[PDB]
Every structure is written in structure tokens, then in C-alpha cells.
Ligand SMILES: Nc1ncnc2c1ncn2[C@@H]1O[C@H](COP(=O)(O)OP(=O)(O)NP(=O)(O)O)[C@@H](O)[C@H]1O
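Just the one chain here, laid out as C-alpha cells, in the form deposited without this ligand.
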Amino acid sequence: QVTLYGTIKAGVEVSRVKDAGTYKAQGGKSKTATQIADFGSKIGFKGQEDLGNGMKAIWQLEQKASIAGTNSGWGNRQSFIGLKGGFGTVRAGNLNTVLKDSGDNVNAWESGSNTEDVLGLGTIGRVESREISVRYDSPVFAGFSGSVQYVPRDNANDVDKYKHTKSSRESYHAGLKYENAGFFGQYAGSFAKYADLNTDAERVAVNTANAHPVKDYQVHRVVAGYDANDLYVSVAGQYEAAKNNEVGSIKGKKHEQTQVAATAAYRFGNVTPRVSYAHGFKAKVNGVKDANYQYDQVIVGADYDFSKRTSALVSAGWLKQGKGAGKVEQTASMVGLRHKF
């Protein structure tokens, strides 16, 4: 009762960047790049054991396994041990954040990492992470399930474990998911009283280089959608906000970005064309509206499902981030093959 699973997935990604700062060639365009890229192929083993109280032990070990040979390591993808019962599921380990799980309803696109921002909704996804944690997922009731996830301080900051000189990087992740008749309503959010962010507004380990300490760091995602009848539409709205915790003038001052993303996907036979529009609003950094953190993105593509496990993928991405003055436009398209086992 120990299953081997995974997705192999790769393709050719062709990408271009219009960025006046990085590229001096005609009109700030990069030369168009074409590489074979992995799209996050993973290999996993997971298992269940009935413990007979209507309880199961569950565990999973999931590994990144690029077929590019990029990856190494065990457990670097959601991996956990936990007990499942009518009380729900309690898991501990390298566990996706409620937010990361919520992301499934936000970003459908497959890509290599390089096109992650342009051939998928990477930006809205920046809140999403795997955190070593304990997570409780309630049982589903009347279409309401919730997730409550905790990363203990001493886990966020191992080196600080014994002396708590560093403000706690412990985080709380919760979600409330309503799925009814193919309509899904999800609220996914994390809170970290103290956290650290990188310039790209991803959350990073404390003591990571260049990281900016933040306080009252919260992410709010509500995803509402329909997934049935061969129609897929998701509207995702994310609020990310923090008070800046960098010892400084800025300390206490607001960091805010609103991200909204929408996906409409319709299946015609085995061919499912989707488009997503994603907009990140002008962010408030240190309480100042900051159109660098702005972005607009359109991805149009389709999945040609050869089978339920196997998919061929084409997407084309157009991403514009920042204002005009310093404005990176990314274009990418990919043709890909995905196989799930």
C-alpha cells in the first residue's frame, strides 16, 4: 500500500525578454532563447496504513526529479508523516502551505523554472511555499474544509533555536475551502508575525542574504471558481501585506501588494485551451506605491490530453512587469509533454 507516483514533464520553452536595463540590443529585446526545459518533474513515494480506528498513518516522500538531471535530494517536495482520521488529517514535514495548495486553483500552467513567471502565474504564486510544519486539514463538511498549518519558530530558525534572540519566524497558515457542485470558494492565507522577504516579495529564510525582515506579514488569497462541465474558470484575489521590520526609518511602514489572477479554461474534447490574465497591483513598499511590483500577464495555451495521465502542452506567455520607464516584458511560449504516474 506504498505507491510510486510522479509527473514527468518537460518541453521546449522559447523565451524573450524586453528589458531596457538588461538588454541594449534593438529596443531592449533579448535574443530569443530556445531550451529543452524540465517543467518540474517529480517522483514520489507515499503510503497509507489503516490503523484501524478509522485512522491511517500516511506518509509521502516527494522529490524534485527534473529529467534534466537538475535535482538531487529526497523530501524536497511535499513530504510528511501524518495521521488521518475522521478528526481530519494531521501532517508534519515538508508540507505545502495552505496557500501553496490553494495555488492549484490559481496556476495551471506548466513550465520550466525560467518561464515560471511568464508561462505560468509565478508572481501570484510567490506566496506559495513548502514549509516544514505541522498541518491540520479538517474533514470536509457541507462543502467546507479548512486547513490550519503551523511552522514552529525553531523550525523557521534552527540556528536560533536555543536562544530566542531573533524574533519568531513562526508562521500560521490557514485555509477555508468551499467546493460545491463544481464551484470552489477558497480562502487561503498565511500569517507570520515576523517574516522575511526578498525583493521579489517571496518569503525567504531569516539570515538569507539580502532578505528584508517584515512583521505582521500576511497573505490573503481568495480563489473562487467553477470547475466542472468542462469549464474551468478561477478568479483569484491575493492581498499580501506586511509592516517592514528592517531596523530603520521605514520600520513599521506598510508593504502591500494586491494580486488578482483569473483563469478561464474550456475543454473541447481532448484539447483544453486556457488563458489566464494575471495582474499584480502597484505595490506599497515602505508605504509607497511602487509600480515595479506591478505586472500584467496573459497566458494563452492549451492542453492536448492524449490520456488522463499524458498531456501535450502549448502555451504562450506575455508578461509586462513594472511601469513603462523600467519595464520588463517577458514573452515565452512552450510546447510540452507531461506524463503523470
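Numbering starts at 1 and runs along the sequence shown.
Omitted here: the form solved in complex with this ligand. The next part is about that form.
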Legend entry - in the bound PDB entry, the one of 104, 200, 158, 227 near this ligand [non-hydrogen atom within 4.5 angstroms]: 104
Inset, instruction - Select from the listed residues 215, 84, 77, 166 the one whose heavy atoms reach within 4.5 Å of this ligand in the bound PDB entry. - result: 77
Inset, instruction - Work out which of the listed stretches, 96 to 104, 218 to 226, 241 to 249, 174 to 182, brings a heavy atom within 4.5 angstroms of this ligand in the bound PDB entry. - result: 96 to 104
Inset, instruction - Would you confirm whether the three residues 279, 289 and 329 all fall within 4.5 Å of this ligand in the bound PDB entry, going by non-hydrogen atoms? - result: no
Legend entry - Residue contact check: residue 254 to this ligand in the bound PDB entry, 4.5 Å heavy atom: no
Inset, instruction - Please run the contact check for residue 267 against this ligand in the bound PDB entry: heavy atoms, 4.5 angstroms, yes or no? - result: no
Inset, instruction - Spell out, yes or no, whether the shortest heavy atom distance between residue 42 and this ligand in the bound PDB entry is within 4.5 Å. - result: yes
Inset, instruction - Answer yes if any heavy atom of residue 193 is within 4.5 Å of a heavy atom of this ligand in the bound PDB entry; otherwise answer no. - result: no
Inset, instruction - At a 4.5 angstroms cut-off on non-hydrogen atoms, which residues of 124 to 150 are near this ligand in the bound PDB entry? List them in order. - result: 130
